[PDB]
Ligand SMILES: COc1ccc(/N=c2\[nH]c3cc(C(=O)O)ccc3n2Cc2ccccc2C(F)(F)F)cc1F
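Just one chain follows, in the form solved without the named molecule, and it is written as structure tokens.
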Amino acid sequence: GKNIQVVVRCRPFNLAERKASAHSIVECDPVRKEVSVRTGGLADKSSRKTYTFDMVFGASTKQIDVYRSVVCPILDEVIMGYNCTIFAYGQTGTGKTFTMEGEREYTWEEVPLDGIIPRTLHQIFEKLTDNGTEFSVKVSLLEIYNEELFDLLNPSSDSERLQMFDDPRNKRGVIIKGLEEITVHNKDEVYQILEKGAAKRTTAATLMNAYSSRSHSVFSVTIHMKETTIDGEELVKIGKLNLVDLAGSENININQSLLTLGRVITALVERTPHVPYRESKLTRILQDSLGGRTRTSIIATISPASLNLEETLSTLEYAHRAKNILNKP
């Protein structure tokens, strides 16, 4: 699977983990692209399990580093008119959202702590403006909670589950009816769009108890591009990027949707003819991207802490089952 990259990002051990008297049980090796965990736990030390992936981000890794390495070559493809997807997958609290969104002249914000989504909107605007491309950008943001779809961007949207239909004009496509798409007018409008997104998600975790923790959220960008050549020829392209912050790993039943995604990715990597797209909402919505000429990436997040051993081992196993990479001698 040249086209499907699986990478691992170990976040810093944290304060809560110290106070529980946890210790680091995971060793990352960016050069050998390995992650080792002592599976025995504490005094085992005979129990070391090692995994190999496309990339392993050690401690020195910053937000820009994940961006240049995972995202930039995918936006290249998106800008050439392809449809791509990037997943963040892992235990709650391990960095899926920090990676996808991150945190905030830069006066009130920490741009170094910006994640994938705002950096993506920035490059889109910077690259397309520089090369003289006439363009327009729109985004939708939806969440999936217990197999029901909710629009995070509808101002008047109460509650209401959106409805998804097959699209008989495309056998791989899908139509989410009523889905709001904002037009993005500048680099910084993303921040306000993520704000509106969060307010709304917060509401729905009250009147609903759909915790962003237990939900998938799908942030989709569509770019309409027109290039004019030397002679005044017009070249028209439509790119699409899906940035997905998955439901927490920990119970591995949105548990079933995660697993379906796993089989979908494994069938793609292995080229087996049976690809179970229809078995979850997430994979139906995404079949268009995953199934064509494309690039796909999973950022598997983990905590280094001994207290997280089981969920960390499971996340590693999931990512390994996804794209199986033999360990080096």
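In case it trips you up, residue 1 is the first one in the sequence shown, and so on.
Here the subject shifts to the form solved in complex with the named molecule, a form of this protein not shown in this document.
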(request) Flag this candidate site as yes only if 198, 298 and 318 all have a heavy atom within 4.5 Å of the named molecule in the deposited bound form; otherwise mark no. (result) yes
(request) Find out whether any non-hydrogen atom of residue 266 is located within 4.5 angstroms of the named molecule in the deposited bound form, and reply yes or no. (result) yes
(message) Check residue 35 for me: does it contact the named molecule in the deposited bound form (non-hydrogen atoms, 4.5 angstroms)?
(response) no
(message) Is residue 208 part of the interface with the named molecule in the deposited bound form - any heavy atom within 4.5 Å?
(response) yes
(message) Against the named molecule in the deposited bound form, would residue 77 count as a contact residue? Criterion: heavy atoms within 4.5 Å.
(response) no
(message) So the named molecule isn't shown here. In the deposited bound form, which residue out of 251, 170, 131, 136 has a non-hydrogen atom within 4.5 Å of it?
(response) 251
(message) Only one of 124, 246, 86, 144 gets a heavy atom within 4.5 Å of the named molecule in the deposited bound form. Which one?
(response) 246
(request) With the named molecule left out here, work out from 229-237, 200-208, 69-77, 171-179 which stretch has heavy atoms within 4.5 Å of it in the deposited bound form. (result) 200-208
(request) Determine the residues of 212-240 with a heavy atom within 4.5 Å of the named molecule in the deposited bound form and present them in sequence order; the list may be empty. (result) 212, 219
